[PDB]
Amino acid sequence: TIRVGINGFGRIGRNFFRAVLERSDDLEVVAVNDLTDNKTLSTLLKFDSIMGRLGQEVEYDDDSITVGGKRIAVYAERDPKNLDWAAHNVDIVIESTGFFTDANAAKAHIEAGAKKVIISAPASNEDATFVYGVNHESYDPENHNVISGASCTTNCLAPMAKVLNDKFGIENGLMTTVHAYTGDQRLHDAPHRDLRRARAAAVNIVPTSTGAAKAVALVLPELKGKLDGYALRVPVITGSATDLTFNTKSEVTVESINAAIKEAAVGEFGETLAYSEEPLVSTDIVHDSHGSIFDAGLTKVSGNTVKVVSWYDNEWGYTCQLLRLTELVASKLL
């Protein structure tokens, strides 16, 4: 059992912790770090507006939280220099605070005694970036120490494009993600760096930018220059849909598009990408463990222009992708 620490016990920190309990046999979270007191932190772990009440008991004291009788040590250091992971014999830190996506800031956790860092977001200056099931077999135990799990949206779209480019060829593709609101949006009209994310999120469709499409190139180099896109934030609390419209030189049919996805989405890869012929809505993919759930019924073909649509739980699915990735790093030398 490889021990793990989390820096940043927020939505994604907490999803990850839950995913470890629910989905892993060889990982154990033994310390976290956050800004807030253990009463608040334990309360947020216990109750959850999306995921429900946690199965286990939760107690806290002035320097820990105890979950199902297992003591997790908690800190609150705004500066990760001020931590010590080797104390707790932690081999992997998940950096999920969102304020250390620069790999050269993140390597501090190595300084502070860890052996591997995983960034739960797009990173900069990272040793490598991964969408598990796409480019995971390039992981290099020697030289990939500070690594990125990419973004939710990237983890949805990359699996689907790997498959579609491989069989048909994508000349150019433009994406729209119709996306659950996220917590960096305002509940009432208030100031934001971004004048649209500034608007009341639960009564609006809010267009916003995403690097998720350009970032595919990091995991599918052959697609650099070939994808762009953006997001429509819409009033559901979780669950999103990536809608890609692209050009193929190929001559393609709804049926051949769908058959390729189906053909591909098997064995281990099929745990990252699913194939569905069902009448789905967002609530149907809440708490779904695939990174990309492909909706055969939404495939449209017009001339040499294709539209395909894949679903994702932008919390849980992304987390599960990250967990696969952590498991991999944990299975190799370290």
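Throughout, we count residues from 1 along the sequence that is shown.
Check your understanding: Given the B-factors recorded for C-alpha atoms, which segment has the greater mean, 81-89 or 232-240?
Key -> Comparing 232-240 with 81-89, the higher mean C-alpha B-factor belongs to 81-89.
Exercise for review: Would you tell me which stretch averages the higher CA B-factor in the PDB entry, 96-104 or 259-267?
Suggested key: According to the entry, 96-104 carries the higher average C-alpha B-factor.
Review point. Taking the Cα B-factors listed in the entry, which of 29, 35, 286, 274 comes out highest?
Key: Highest C-alpha B-factor among the listed options: 35.
Practice item. Among the candidates 125, 204, 151, 177, give the one with the maximum CA B-factor reported in the record. Key: Of 125, 204, 151, 177, 125 has the highest C-alpha B-factor.
Review point. Sorting the chain's CA B-factors, does residue 253 end up in the lowest, middle or highest third?
Key: Top third by C-alpha B-factor.
Exercise for review: Would you mind ranking residue 221 by its C-alpha B-factor against the rest of the chain and naming the third, lowest, middle or highest?
Suggested key: Tercile = highest for this residue's CA B-factor.
Point to revise | Third of the chain, ranked by Cα B-factor, where residue 168 sits | key: Ranked within chain, residue 168 CA B lands in the highest tercile.
Practice item. Place residue 245 in the lowest, middle or highest third of its chain's C-alpha B-factors, as listed in the PDB entry. Key: Middle third by C-alpha B-factor.
Practice item. Give the position of residue 306 by CA B-factor within its chain, expressed as the lowest, middle or highest third. Key: It falls in the bottom third of the chain.
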